[PDB]
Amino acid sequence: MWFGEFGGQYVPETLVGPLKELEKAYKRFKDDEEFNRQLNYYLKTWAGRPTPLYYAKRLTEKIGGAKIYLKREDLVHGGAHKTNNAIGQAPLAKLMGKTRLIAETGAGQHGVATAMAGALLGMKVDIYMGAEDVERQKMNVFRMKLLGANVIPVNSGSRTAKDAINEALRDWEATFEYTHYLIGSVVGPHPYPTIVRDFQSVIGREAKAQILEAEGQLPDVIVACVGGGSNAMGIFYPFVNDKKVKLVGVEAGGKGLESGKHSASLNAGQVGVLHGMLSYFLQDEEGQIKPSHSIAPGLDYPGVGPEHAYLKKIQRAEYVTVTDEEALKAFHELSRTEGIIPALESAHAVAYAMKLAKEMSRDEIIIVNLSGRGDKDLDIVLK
């Protein structure tokens, strides 16, 4: 439940039972051979795992420092790492006797991923999405619609991802008997931060095996963008006990940290409680939650997962920020240099890795988690 001070289960009493039953079922199935055979079978044949580890040779030699490798989550079915978690939880929900999935989404990749999983398993899917995000993400909304899910626009509060979560939590309170709330990042009340991390850890486990094959040694740094923190935990987690492996999380610096228009919860936020968890949140002078921003819509969440708050506290992971302008510059750089169009979220990690590689030596190694493909962001990059 806790990662030092952070985490917990800050929910109305009515959700304590449901959360206890999710925890029981997860403990019962996480190590069950059939559940794992089925999960791995879906990951292989449907999602297309393992994803490759790619050496960005031209980008490395152009910068002239450390080797930059890219963990290719952009090649997962759906175009993002979110699928790994969606197909982990959705069959668990089925085993618990649930017939409906609900979820929040901001960039729409988790919403799409939840819809894909629901379609495959034949479950009802309702996706809560902030009205401002629905207009912003018309295409992923259509993907969700074509996959048989209903997208419910949220007109509460600030009409974005935090508001979608509040509506989903409200729905789940009234529908938990037959509905699973498929949370899409390492956030929410226990056990969700742990469950989502566990279903994303496959990324790090593959990357470890793959870098050992390519180089014979663990990397010097792993770099991942951080919204709520699931792609980063996924690649970080299997290296946590490899002490010499540096872990860097990249948050959205937006228009700048001094601009007040960013999404860097760990960097500039303060401790608070929201959506069932005690963690870092961007909050105003008075004490309520602050409006976040990023050019990358998947980084627009004003909080971060408790496990990252923890890793930051014990100084196991370093957390940095990169701006809209730097992320956009990385999006173009990778596209022309390596022929890979990254998600704007992932471009933040690419951007920081480019800075760090220059400062590092030629025989050192960085793995960048390329969390998704950029197809969804073409209209945004045009601007």
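From 1 onward, residues are counted along the sequence shown.
**Student:** Looking only at CA atoms, which has the higher mean B factor in the entry: 176-184 or 132-140?
**Tutor:** Stretch with the higher mean C-alpha B-factor: 132-140.
**Student:** As stated in the PDB record, which stretch has the larger average Cα B-factor, 151-159 or 167-175?
**Tutor:** Mean C-alpha B-factor is greater for 151-159.
**Student:** Highest Cα B-factor in the PDB entry belongs to which of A317, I340, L328, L39?
**Tutor:** It is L328.
**Student:** Out of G111, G305, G88, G287, which shows the largest CA B-factor listed in the entry?
**Tutor:** Within the set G111, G305, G88, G287, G287 shows the top C-alpha B-factor.
**Student:** For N267, does the deposited CA B-factor place it in the lowest, middle or highest third of the chain?
**Tutor:** Its C-alpha B-factor belongs to the middle third of this chain's values.
**Student:** Please say which third, lowest, middle or highest, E104 falls into when its CA temperature factor is compared across its chain.
**Tutor:** Middle third of the chain for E104's C-alpha B-factor.
**Student:** Compare the C-alpha B factor of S201 with those of the other modelled residues in its chain, then answer lowest, middle or highest third.
**Tutor:** Within its chain, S201 is a lowest-third residue by C-alpha B-factor, going by the deposited values.
**Student:** By the recorded C-alpha temperature factor, relative to the other modelled residues in its chain, which third is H348 in?
**Tutor:** Middle third.
**Student:** Determine, from the deposited record, the chain-internal third of the Cα B-factor for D242: lowest, middle or highest.
**Tutor:** As the PDB entry reports it, the C-alpha B-factor of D242 lands in the middle third of its chain.
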